[PDB]
There are 2 protein chains.
Amino acid sequence: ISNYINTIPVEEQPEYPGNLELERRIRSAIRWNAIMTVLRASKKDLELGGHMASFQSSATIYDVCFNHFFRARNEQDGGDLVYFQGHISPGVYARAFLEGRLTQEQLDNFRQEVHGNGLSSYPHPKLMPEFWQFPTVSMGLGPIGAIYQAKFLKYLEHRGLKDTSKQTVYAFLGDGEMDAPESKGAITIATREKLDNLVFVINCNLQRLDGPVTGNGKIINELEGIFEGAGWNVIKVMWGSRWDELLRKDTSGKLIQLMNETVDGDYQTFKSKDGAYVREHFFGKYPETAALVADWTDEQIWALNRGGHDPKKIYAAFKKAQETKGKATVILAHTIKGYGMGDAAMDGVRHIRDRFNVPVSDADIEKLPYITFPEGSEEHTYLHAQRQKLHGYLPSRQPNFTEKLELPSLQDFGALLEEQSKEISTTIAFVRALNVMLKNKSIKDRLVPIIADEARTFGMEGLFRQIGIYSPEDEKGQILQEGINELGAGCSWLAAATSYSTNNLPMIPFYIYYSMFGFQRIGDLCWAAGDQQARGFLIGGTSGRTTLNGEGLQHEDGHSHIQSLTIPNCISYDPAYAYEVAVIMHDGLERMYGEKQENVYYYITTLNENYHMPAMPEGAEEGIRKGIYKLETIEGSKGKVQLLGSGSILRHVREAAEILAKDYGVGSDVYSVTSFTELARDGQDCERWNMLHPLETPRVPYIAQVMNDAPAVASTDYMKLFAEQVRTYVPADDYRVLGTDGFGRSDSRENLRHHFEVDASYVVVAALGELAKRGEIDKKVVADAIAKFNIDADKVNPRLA
Amino acid sequence: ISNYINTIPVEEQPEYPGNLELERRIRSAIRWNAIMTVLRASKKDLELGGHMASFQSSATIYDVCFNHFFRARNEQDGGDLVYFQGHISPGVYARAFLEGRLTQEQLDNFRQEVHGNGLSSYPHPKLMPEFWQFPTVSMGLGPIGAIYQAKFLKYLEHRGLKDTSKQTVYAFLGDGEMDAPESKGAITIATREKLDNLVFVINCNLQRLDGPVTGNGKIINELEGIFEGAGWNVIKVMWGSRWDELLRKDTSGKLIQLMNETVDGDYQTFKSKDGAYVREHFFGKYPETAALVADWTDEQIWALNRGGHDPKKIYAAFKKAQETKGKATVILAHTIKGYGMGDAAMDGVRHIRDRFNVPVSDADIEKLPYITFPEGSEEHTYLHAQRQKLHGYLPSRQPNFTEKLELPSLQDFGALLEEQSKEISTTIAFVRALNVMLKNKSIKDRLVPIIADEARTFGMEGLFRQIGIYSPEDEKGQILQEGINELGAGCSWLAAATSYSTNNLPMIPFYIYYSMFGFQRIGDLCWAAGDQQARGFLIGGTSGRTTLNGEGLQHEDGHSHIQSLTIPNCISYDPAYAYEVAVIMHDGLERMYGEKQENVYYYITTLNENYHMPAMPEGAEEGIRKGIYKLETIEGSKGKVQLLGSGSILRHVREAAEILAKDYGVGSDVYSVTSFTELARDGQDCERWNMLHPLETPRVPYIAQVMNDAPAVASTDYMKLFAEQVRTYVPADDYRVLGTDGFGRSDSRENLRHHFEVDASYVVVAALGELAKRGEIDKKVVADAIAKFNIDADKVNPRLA
Ligand SMILES: Cc1ncc(C[n+]2csc(CCOP(=O)(O)OP(=O)(O)O)c2C)c(N)n1
Ligand SMILES: Cc1ncc(C[n+]2csc(CCOP(=O)(O)OP(=O)(O)O)c2C)c(N)n1
Ligand SMILES: [Mg+2]
Ligand SMILES: [Mg+2]
């Protein structure tokens, strides 16, 4: 760790290129409007909330960036990708308002978006599709998301897809936010990948939200130590310009010593006291130091400010970051929380107006007016000119990509639609579907297969030879191998899945991993992905509680679909056959990257178990997309039931269909449910519509148009709720669901399917049970099936096992 | 970083205290049995899986620890807490077998546990409650979990609850696992908390599972740099004893230069070659280095080994770590993946038999026999003598704590069962409940309130001045403030929630945080918590999609309950009133820390919205615990409906009941649903049981015992599925569900509830519509109600909004 002073000594500090006075007048208007927006919202007394202190402490850091660094989207590239600290949004809206991009009506509707003309609390592309770009309010996601966005930009360049060399990724973070594991856990990656297009800006105001990050230590020293240890270029912006003379005079190096020994707690103390108290406890600690401020007046000593509030120190840091190559840069900016707010952190409103020389008269101050700069005014001219030289205004977002892709047709997946000679898995089918896409000249280079170390398990090695692994195995490799880092891989997927908007370059990512380590491990990222309008495919491999049989409790996934259904724009499927996979992937491509350009992403679970793959029934396409289609109708004179199955369990449901007809004369309609979730959502939409249109004829849920009223049984490799989801819509009086509720454990597939009570024998017993309650068969035939199938009717409920 | 050589020179190396020859014989037997176990499982051809290469590389490291360092649980403390690397479990099972703690039948049931006499693939306490202690297979969780476990041990000593000064926490990690953000994301905490009771042992065999961690880099230097930068004491065990002479006579310093410059990829290539190759490509890089081994035979050069395979080098490292204070230590052990297995890594396996001088006939190898040491033999005597000196065997685990706690009675929370004076929230109710617990002499000091920075947002301020904040606000402080670090806070919660087992010292953690950043963000930890049998409370504050109205899309939680219902042993509640919070907390406390010692943890969502808190209706306690109870019935001669509500939406449902009665003459039964999930689970357990016992009296779902058959409407602040999950069990033909499906957005609570179609207006229309379909009233009345309430029958479905 170096001394507690600026990394860039004044001797190496470049001259500041801007008009300080004018930029400050503009900055003051932004500070004012940001505050008025929050205060006006507050007046409504609707508990809307909003922050002020945060933006106040970092306004100058952002101001320097908007005036001299941030490149807006242009014809060449998407510009600088800025991960704004979420809590400073009022500051971003304030500036956008001044730039005339937001109206006063919109600002007056800060945090009131239901009626269509408001502003989101934080950066949410989903809510403001033409304004915000990156969701950052979930502490920790911004930094790791930024690292991988930066790596993805390199990837796009290395693969000759787009020249992104002029794009810089900025991640603005708080020192408290650095406590999140995701904030520092992936920094060595920036070093390995030599991400010189990534800049971390850490606002070290030493004040989290409920106290300091570390009062007994020095958070800046901790951050420097670990970032330096990680190979990053660390730039500390500790003190303002007023300290430089003192540092030069300091010949005994006693001042440096004083600053080094002084701890955070001490520094936060002086912050509240006065100039006398400072030159007493601080400067008044050594004859050499106390002598430094002898000619200084208590007024001049109290003027000493921190580097994060000095445009000149800030510019030097960003400039150096911009020039650095070979490694990522982190700027530790020392600021004051609640800067210039005195009171907090009309008397208070008057204080800041005077503190920042805001152009608002006493006559208008009561009205909390917004300040504007008329066209022709010096401020208006400078504001727009600085931005014009930087290609425009940011943030901004284009909701749709412009080019038109020539997507492969379903026919191109022809081989997958016919019976398979060999027994394969849906995972192998997925890989084969990828190969089809890899043969489409229009999208072949747009595909981004992503893996987290394990590739052999997913039979992806076959692609390694075809398209290679991205490894700046060379920089032309198409596959992203992120190793044991699902969060990093997910961030790579997100960068690729939103490339269509960010760089107007549609990339189609396919992230394959252990389904268990998907939404469960990176769910916060999947939620952010929906907010970011990601369009891609998440492939949950080795899914199903009973299918990844030998791995046990922390690997067997019987609930990822329950987690995925919580995401509004995530479309989920659990296909049993190779042709369903083909149809679903095709529909997904067409919907997301076809003319429709729907803002959804696909979650498809695939299996590691091989079995016979039949041919797709004629006309089953639409049913497969909708989520359900009748596979076949097995005849039977002693009764009729409906059997629904999905994923690896469908095969067993069909076995049960045979047993029911062969041994009990019970016929049935067997349906393959490719997506219980899509069916449930369709049902919900129908009932909602019916409720709001009482004078109209009721709409019928699709599942209800496909099924009849005969007793039904459903079984899947996921917890029961996955299939119980559609209960309200099933037009039968009886609907029994089997599922894999409970912790997984190690064993053979057969033992697990029996243990979780989802195999053929249980489907049969469940079906006979429903028929028995209808009087179609004697309850005793049910009790005998139980004995016959060696079913332990008294074993503990698997959910409790 | 330092030179690519051992941190501890021979001169400073303590004499090895054990019998090297004897230990070698014992270790060879363990290596052998570990391999026999996995191979025997392979023979069954049931896709059980299992690894061998990993343990082979770290076997000697664990051997030195088992022989000279690992202290087993004893009368004074829980002994050393070892986070074993997940996939090396066959080696731990093999040692347990040799120690006589496991039988051959168990080894033969490796990864076949459904029938009760098998072994889990990985460390899963839930599955082997008396053997394993810490789930580590989910890469990344072990490191951070271990850090917070060590911090918790010091917490227990500082608080004067237990002297843990003789306990050391060991975390064995692989170098590839260090890529998970969680692995290094929290290592600076070990320095902040001066965790000299923590030792990280990183097995640096230089490769993941699909290849090297960093082929073109040096992972060991990368780790040294970041851990040292983090303030940790780093000890590198690079080379075996045979290198000492070479390094001693190398007066040119060239050998060191050679070691420093060679990258991981090259080192890995040497292993797959031979002596001549190494003499040429390694030592042959320089005249000086070539001369050092010039008089050496190719066989002697090939004998040079990595430090992690030399007991003397390993011993020295662990001994040094034991004497280091004021900071944590990380040992970087250089090893060979697939050590002694030949080739890459029936009869071909006779290679390992020869390599490790395994005492097994070259004729019996076909049977894959396990080796054992008969009592009275040098090996047996030594094996046990070393462990006895270290208090016994590990791992081992006590499923229940021994002491008896005198928990508070429901009456002690009496104040919370009465009508509250002013309007408060369920979060304020939660805090008041905590204060009641803090007056209980038996558990007051065992309580561990945990907060993720934000504490004043949850009204925790009052508790600070009362019990203080842990800050070794002093060492006696009781509250754990972990800052913006949900995962860290969750790991502290986990350490506390499992203290009853590891230290036989029950502690009762209450971790309150923003519900949106609960399961969605630390879901994998919550799953591991279930596996680890955690007993504590997770309090999801500021919950409900429409209740945290200003925050928007990434804060408005309308689905944490959907995610929590996926964890088998997590009991979830969403109470609307203060008395419900009191009843739930009391019950949870009694179930987990009372005589029952139920292995479950609680998840309770609380609100930030104040409203009238009525008195608990007499006799509602059990219904509150079960998930539902009837609040009241309202008379009406024109019709009758059932209205269900939970959390903050319940009061709006009651508003609807009044409207229906006064404006339309429609009466109703109003129910408060404290837990739709427990009701759903109960329902599922009932029908599961009924399905399996077709001849017996069917069990009736609890919800069916509370509700009748009149058309029903349910509304909650969560997505429809939260309430729809009980459809199957609801005894009414009509069950309409209103929910907050779709991404949240900022606005007033009033506007969000209308937008999400969950306010009183929608409940009324839903109810009137159900009656219109039954011909109870003219459809026009429903049409007119829609108009009167300003309902936009055609606005887009909120899920798509
Ligand atoms: C994952 C997550 N945890 C917690 C929060 C709540 N939160 C928002 S800001 C904040 C503290 C702000 O401190 P810092 O990150 O240092 O930034 P500052 O506002 O001081 O610049 C917290 C805990 C959140 N939004 N997301
Ligand atoms: C979160 C998570 N992702 C992936 C895996 C799959 N996995 C099991 S072992 C392994 C590689 C382990 O490599 P390393 O940590 O270097 O240890 P080694 O076996 O070489 O000692 C992986 C990726 C897992 N268990 N958990
Ligand atoms: Mg801060
Ligand atoms: Mg390794």
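Every residue number used here counts from 1 along the chain in the order it is shown.
The backbone N, Cα and C atoms fix where each Cβ goes, and this holds for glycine too.
Within B:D175, B:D179, B:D244, the residue that Swiss-Prot lists together with B:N205, B:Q207 for binding Mg(2+) is B:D175. Between the alpha carbons (Cα) of B:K630 (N6-acetyllysine) and B:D175 (Mg(2+) binding site) lies a span of roughly 57 Å. Gap of 13 unmodelled residues flanked by B:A345 and B:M346; Cα separation 16 Å. A break of 17 residues separates B:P472 from B:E473 in the model, with a C-alpha distance of 8 angstrom spanning it. Between the listed binding-site residues, namely B:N205, B:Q207, the fewest other CB atoms within 10 angstroms of a CB are found at B:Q207. With a cut-off of 8 Å between CB atoms and residues at least 6 apart in sequence, the same chain places B:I202, B:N203, B:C204, B:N205, B:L206, B:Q207, B:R208, B:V213, B:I219, B:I220, B:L223 near B:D175 (Mg(2+) binding site), listed in sequence order. Checking the recorded positions B:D175, B:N205, B:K630 against ligand 2, the ones whose Cβ sits under 6 Å from it are B:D175, B:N205. Excluding the listed site residues B:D175, B:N205, B:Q207, the same chain places B:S57, B:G174, B:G176, B:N203, B:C204, B:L206, B:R208, B:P212, B:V213, B:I219, B:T335, B:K337 with Cβ atoms within 8 Å of the centre of the Mg(2+) site Cβ atoms. Taking B:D175, B:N205, B:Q207, B:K630 as the candidate recorded positions, the subset whose CB lies under 6 angstroms from any atom of ligand 4 consists of B:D175, B:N205, B:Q207. Cβ neighbour count for B:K630 (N6-acetyllysine) (all protein chains, 10 Å cutoff from its Cβ): 17. B:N205 (Mg(2+) binding site) falls outside any helix or strand according to DSSP and counts as coil.
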